[PDB]
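Each residue of the sequence shown is one higher than the one before, starting from 3 at the first, in the authors' numbering.
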Amino acid sequence: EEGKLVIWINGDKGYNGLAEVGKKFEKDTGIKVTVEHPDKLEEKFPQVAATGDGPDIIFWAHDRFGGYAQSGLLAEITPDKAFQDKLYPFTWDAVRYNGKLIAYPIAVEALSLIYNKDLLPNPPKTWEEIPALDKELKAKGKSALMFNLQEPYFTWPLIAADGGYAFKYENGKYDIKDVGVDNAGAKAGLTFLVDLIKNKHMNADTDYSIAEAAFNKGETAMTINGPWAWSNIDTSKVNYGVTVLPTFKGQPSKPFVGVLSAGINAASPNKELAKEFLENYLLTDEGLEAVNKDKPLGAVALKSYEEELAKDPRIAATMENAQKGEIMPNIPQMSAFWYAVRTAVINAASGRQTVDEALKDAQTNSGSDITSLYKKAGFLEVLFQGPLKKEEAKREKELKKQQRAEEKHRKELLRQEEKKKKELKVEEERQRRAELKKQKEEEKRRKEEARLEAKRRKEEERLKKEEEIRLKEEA
């Protein structure tokens with residue numbers, strides 16, 4: 003339908019703020035803007051867009067946007083050099099598929115180093131200081147660092163710090179035949195990761211839940227997580243800080259960068275209108291603020307608005323780690339990379355393979371046939387369909403108990419503050435009467451004290467003249 007903008011954005015984002023920016027776009031141009039949040043739009047959009055229908059604009063991470071363009075679902079955006087300068091240069095690389103821009107960057111997301119301020123006022127700036135910092139904290143019944151070691155997304159920051167990379171990115175493209183997994187840099191990064199486990203500084207069987215709980219309970223001093231986990235730490239009432247990830251051999255850690263992007267439908271009749279909306283209404287200070295006020299975006303690609311968000315050290319550390327991080331490729335071959343590195347880490351942490359053997363097979367399995375891997379996943383999904391469907395229900399059973407625990411926390415924080423605001427309001431009215439009665443009393447006691455001195459002088463002048471005439475009259 004030409005002449006009307008339809009926007010699809012996930013339900014966990016600030017869509018109400020996005021609708022307000024749409025109403026502002028409608029108040030100026032008269033074009034209706036309807037912001038919807040359908041369920042599972044990452045899988046529903048690729049089907050509706052292929053048949054012509056669908057939204058004019060769709061919001062989602064840039065990783066899925068790669069296959070969208072290969073399918074022909076996203077139109078090539080055309081921002082001028084002026085607007086390209088409004089966003090950080092590295093964010094455009096995440097929305098560039100096949101050398102052409104196919105999405106507008108909105109928000110930037112990357113892993114950071116979260117530390118307990120009560121245990122560590124000064125967090126370590128280097129990975130080499132953690133072994134000695136853990137030996138110190140082990141004497142006091144705690145540990146230094148505990149983060150997810152199962153998925154390679156959490157272990158890549160250390161593995162790629164010395165010179166690792168998924169696929170080499172050049173001229174705006176990706177070389178599936180050039181995987182940077184078994185080089186001298188990745189070998190040192192993974193060796194130091196394994197040496198941390200062999201020296202009993204980390205346990206190889208630590209996943210996401212084990213790490214999130216150990217930090218919330220105050221048992222470990224540090225953890226590695228993204229802005230999505232800040233809510234869970236706020237409920238634990240742990241004085242935590244979000245800082246830059248440690249360096250390894252002088253080089254900073256390289257976490258994968260995820261960019262929330264807004265793409266224009268390739269079959270949309272309102273491509274020019276979507277361009278006016280995204281560049282001149284959404285990607286502005288007033289626009290992004292309306293969305294961030296409804297649901298925080300974290301670090302955003304807009305420079306002018308990142309300055310104000312960067313006053314929050316947590317968002318400032320996320321953008322710093324993102325700029326030092328690695329743009330996550332949107333190439334479908336990435337699936338082979340995820341599976342290859344996953345087994346490379348697990349086999350190296352369990353002693354199945356050495357660091358050299360694990361990375362050697364990983365660089366080979368990264369170039370594995372993707373369709374063969376998909377069929378391999380289909381065979382295992384059916385083979386373990388029972389325990390898997392029970393695991394998914396258990397995670398949904400714990401997510402409802404973990405979102406009710408947050409609702410109970412903000413209910414507690416809203417109750418104590420609303421009661422403290424009325425409690426101080428009573429004291430302000432208490433001393434207001436206590437000082438009003440003190441003013442009425444002290445002002446009328448000093449006033450009468452002046453009448454005491456004036457009347458006493460009148461008495462002194464009257465008794466002295468009455469005595470004067472009483473002595474003058476001699477009998």
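Note that CB positions come from ideal geometry on N, CA and C, so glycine has one too.
Taking 6 Å as the limit between beta carbons, can you name the residues of its chain near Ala342, skipping five residues before and five after? Translated into positions along the sequence shown, residue 342 becomes position 340. Closer than 6 Å at Cβ, skipping near neighbours: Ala364, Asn367, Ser368.
Under the three-state DSSP convention, the category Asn267 falls into: Residue 267 sits at position 265 when you count from the first residue of the sequence shown. Strand at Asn267.
Are three or more beta carbon pairs between the region 217 to 230 and the region 121 to 141 nearer than 8 Å? yes
In three-state terms, what does DSSP make of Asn18? Taking the first residue of the sequence shown as position 1, residue 18 is located at position 16. Helix at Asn18.
Going by CA-CA distance only, name the one from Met336, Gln404, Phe85 that's closest to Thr373. Along the sequence shown, one-based indexing puts residue 373 at 371. It is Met336.
Going by other Cβ atoms of all chains shown within 10 Å of its Cβ, with 16 needed for buried, is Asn323 buried or exposed? Your numbering for residue 323 matches position 321 in the sequence shown. It counts as buried.
Contacting residues, own chain, Cβ-Cβ under 6 Å from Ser114 (five flanking each side not counted): The residue given as residue 114 occupies position 112 in the sequence shown. Same-chain partners within the cutoff: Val244, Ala319, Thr320, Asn323.
When DSSP builds the beta bridges, which residues end up paired with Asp177? Walking along the sequence shown from the start, residue 177 turns up at place 175. Answer is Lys170.
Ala112 classed as buried or exposed, judged by whether at least 16 other C-beta atoms fall within 10 angstroms: The residue labelled residue 112 in the question sits at position 110 within the sequence shown. Buried, by the Cβ-count rule.
Contacting residues, own chain, Cβ-Cβ under 7 Å from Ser352 (five flanking each side not counted): Here residue 352 is taken as the residue at index 350 of the sequence shown, counted from 1. Hits under 7 Å: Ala206.
Reference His39; option with closest CA among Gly19, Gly54, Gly32, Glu28: Along the sequence shown, one-based indexing puts residue 39 at 37. Here the closest residue by C-alpha is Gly19.
Compare the beta carbon distance of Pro81 and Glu281 with 8 Å and say whether it is the shorter of the two. On the sequence shown, position 79 is the one that residue 81 refers to. On the sequence shown, position 279 is the one that residue 281 refers to. Their beta carbons are under 8 Å apart, which means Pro81 touches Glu281 by this criterion.
Just list the residues that DSSP pairs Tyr117 with in beta bridges. As a position in the sequence shown, residue 117 is number 115, starting the count at 1. Its beta-bridge partners are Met224, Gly243.
Distance, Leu139 Cα to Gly74 Cα: On the sequence shown, residue 74 is found 72 positions in, with the first residue counted as 1. On the sequence shown, residue 139 is found 137 positions in, with the first residue counted as 1. So the two alpha carbons sit approximately 54 Å from each other.
Alpha carbon to alpha carbon, how far is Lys144 from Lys137? Give it in angstroms, no decimals. The residue given as residue 137 occupies position 135 in the sequence shown. The residue given as residue 144 occupies position 142 in the sequence shown. Answer to the nearest angstrom: the Cα atoms are 9 Å apart.
Quick one, which of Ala264, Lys410, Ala407, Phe250 has its alpha-carbon nearest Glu131's? For the purposes of this step, residue 131 is taken as residue 129 along the sequence shown, with counting starting at 1. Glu131 has its Cα closest to that of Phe250, out of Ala264, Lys410, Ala407, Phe250.
Run through the DSSP bridge pairs and tell me what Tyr155 is partnered with. Locating residue 155 in the sequence shown gives position 153, where the first residue counts as 1. Bridge partners of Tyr155: none, in fact.
Just the C-alpha distance for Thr31 and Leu89, rounded to the nearest angstrom, thanks. The residue given as residue 31 occupies position 29 in the sequence shown. The residue given as residue 89 occupies position 87 in the sequence shown. Between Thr31 and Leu89, the C-alpha separation is close to 25 Å.
What do you get for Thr53, buried or exposed, if any count of 16 or more other CB atoms within 10 angstroms of its CB means buried? Within the sequence shown, the letter at position 51 stands for residue 53. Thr53 is exposed by the Cβ-count criterion.
Distance check for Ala264 and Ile108, CA to CA, integer angstroms please. As a first step, residue 108 must be located in the sequence shown, where it is residue number 106. As a first step, residue 264 must be located in the sequence shown, where it is residue number 262. Distance between the alpha carbons of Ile108 and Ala264: 7 Å.
Cβ shell of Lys83 (< 8 Å), same chain only, five flanking positions each side left out: Position 81 of the sequence shown holds residue 83. Same-chain partners within the cutoff: there are none.
Other residues of its chain near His411: CB distance less than 8 Å, five sequence neighbours each side excluded: As a first step, residue 411 is located in the sequence shown; it is residue number 409 there, counting from the start. Within the same chain, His411 has close Cβ partners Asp236, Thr237.
Only counting the same chain, and skipping five residues up and downstream in sequence, which positions put a Cβ closer than 8 Å to that of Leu375? Taking the first residue of the sequence shown as position 1, residue 375 is located at position 373. Hits under 8 Å: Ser337, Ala338, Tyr341.
So, using beta-carbon positions, are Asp58 and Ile9 closer together than 8 Å? Position 56 of the sequence shown, counted from the first residue, corresponds to residue 58. Position 7 of the sequence shown, counted from the first residue, corresponds to residue 9. A contact, by the Cβ cut-off of 8 Å.
Is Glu469 near the ligand NAD, judged by its Cβ being under 7 Å from some heavy atom? Of the ligands one can find in the structure shown there are none, so the ligand NAD has no counterpart to examine.
Is the CB of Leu390 under 8 Å away from at least one CB in chain C? Although the question refers to chain C, the structure presented lacks it and comprises just one protein chain.
Inter-residue CB distance, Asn272 and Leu43 (contact presumed, cutoff 8 Å): Within the sequence shown, the letter at position 270 stands for residue 272. Within the sequence shown, the letter at position 41 stands for residue 43. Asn272 to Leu43, Cβ: 18 Å. No contact.
Quick check: what's the CA-CA separation for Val196 versus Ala346? Taking the sequence shown and counting its residues from 1, one reaches residue 196 at position 194. Taking the sequence shown and counting its residues from 1, one reaches residue 346 at position 344. Taking the straight line from one Cα to the other gives about 11 Å.
Restricting to runs no shorter than 3 residues, where is the beta strand (DSSP E) found entirely within the region 325 to 382? none
For a minimum of 3 consecutive residues, which ranges assigned as the beta strand (DSSP E) are wholly contained in the region 42 to 129? 59 to 63, 106 to 111, 114 to 118
Checking the sheet assignment: what are the DSSP bridge partners for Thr36? In the sequence shown, residue 36 corresponds to position 34, counting from 1. Its beta-bridge partners are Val8.
With a Cβ-Cβ cutoff of 8 Å, do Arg316 and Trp232 count as a contact? By one-based count along the sequence shown, residue 316 stands at place 314. By one-based count along the sequence shown, residue 232 stands at place 230. Going by C-beta atoms, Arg316 is nearer than 8 Å to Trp232.
For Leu385, which of helix, strand or coil comes out of DSSP? Start at 1 with the first residue of the sequence shown, and residue 385 comes out as number 383. Residue state, collapsed to three classes: helix.
At which residues does the beta strand (DSSP E) containing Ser145 begin and terminate? In the sequence shown, the residue the question calls residue 145 occupies position 143. Start and end: 145 to 147.
Do you know how far the Cα of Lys34 is from the Cα of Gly56? Numbered from its first residue, the sequence shown carries residue 56 at position 54. Numbered from its first residue, the sequence shown carries residue 34 at position 32. Whole-angstrom Cα-Cα distance: 16 Å.
Proximity of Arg344 and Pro154 at Cβ, strictly below 8 Å: The sequence position of residue 344 within the sequence shown is 342, counting from 1. The sequence position of residue 154 within the sequence shown is 152, counting from 1. Cβ atoms of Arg344 and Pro154: closer than 8 Å.
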